[PDB]
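A lone chain, given as structure tokens: the form deposited in one PDB entry.
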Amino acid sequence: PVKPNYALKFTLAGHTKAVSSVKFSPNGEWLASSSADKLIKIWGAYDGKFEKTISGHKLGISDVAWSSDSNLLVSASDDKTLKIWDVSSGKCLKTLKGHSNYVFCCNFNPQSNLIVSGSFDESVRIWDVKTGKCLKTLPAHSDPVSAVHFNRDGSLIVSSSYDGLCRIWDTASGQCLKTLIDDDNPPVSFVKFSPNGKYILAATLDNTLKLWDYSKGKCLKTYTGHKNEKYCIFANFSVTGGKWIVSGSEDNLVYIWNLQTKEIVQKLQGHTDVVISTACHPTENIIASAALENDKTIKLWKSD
């Protein structure tokens, strides 16, 4: 298909404050959401049916991520901790303590024996899921860390920061394998490996998304037209149908670009506030989006 045609299917209400992140379970059956309301909510990915609320954090949550088998979840909160949850029971299995300020981002590695987190305390931490103890503390950046992501097999970790840098780390040793630098150094608000692990998608707060070939350290594509100079908005690689780049925007729309041509192929209208997060279903052409306080809802969209 030359251009997708996503249409609204469901509007999920429940959160009492701005929504912060939405993620589809790897098995595609669930959608998890975190919010400034200190809660995690689980929803049916196909019927949008509310499943349950997961509570425990003392302050707002900025991110949540799924384990490889869709059974566990990890959340990053302003209470300076991360918590690992058993999705089926809703119980907190462990509380990861170590950061000295807000925990902003988190992810499990493919094996899911590890969790990586980024905090306002300017560090990146690697944790042992089983024990809940901090294995490594990396002096990753000189400003708050906005994103952390493991590559395809978990051998690498990429981080982003308001310090204007994007760095690649060797998971095993914790050593910095590379630093992507810009001469204008605009804050990097988000970063993530491509499904192939060969490229990195990075957002800077100058309304720009870039596709990098980290190894060679060269920018291959740039996506513009959307609005992003204030918040750390998630971006995605959509691969179930055509190959697109999906991102939220500060103009209340969801942008979709053709990855190769960089042309905007569709803009999803409907939210009534900044679309801070978007996620792409693992097998179906389904997009999930979430907005800030004047909206507070999550929307599910589908095309084909």
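We number the residues from 1 along the sequence you see.
Quick note: we don't show the form solved in complex with a small molecule, though the next part is all about it.
Of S155, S100, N196, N185, the one that lies within 4.5 Å of the small molecule in the bound PDB entry (heavy atoms): Residue within 4.5 Å of the partner: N196.
Partner proximity in the bound PDB entry: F237 to the small molecule, non-hydrogen atom cutoff 4.5 Å: Taking the distances in the bound PDB entry, the answer for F237 is yes, it comes within 4.5 Å of the small molecule.
is_contact(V265, the small molecule) in the bound PDB entry, heavy atom dist at most 4.5 Å: Close contact is absent here: in the bound PDB entry, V265 is far from the small molecule, nothing within 4.5 Å, heavy atoms only.
Exercise: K49 in contact with the small molecule in the bound PDB entry, heavy atom 4.5 Å: No, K49 stays farther than 4.5 Å from the small molecule in the bound PDB entry.
4.5 Å heavy atom contact, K243 to the small molecule in the bound PDB entry: Although the small molecule is absent here, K243 would touch it in the bound PDB entry, with heavy atoms inside 4.5 Å.
Options 90-98, 166-174, 187-195, 125-133; stretch whose heavy atom lies within 4.5 Å of the small molecule in the bound PDB entry: Stretch 187-195 is the one.
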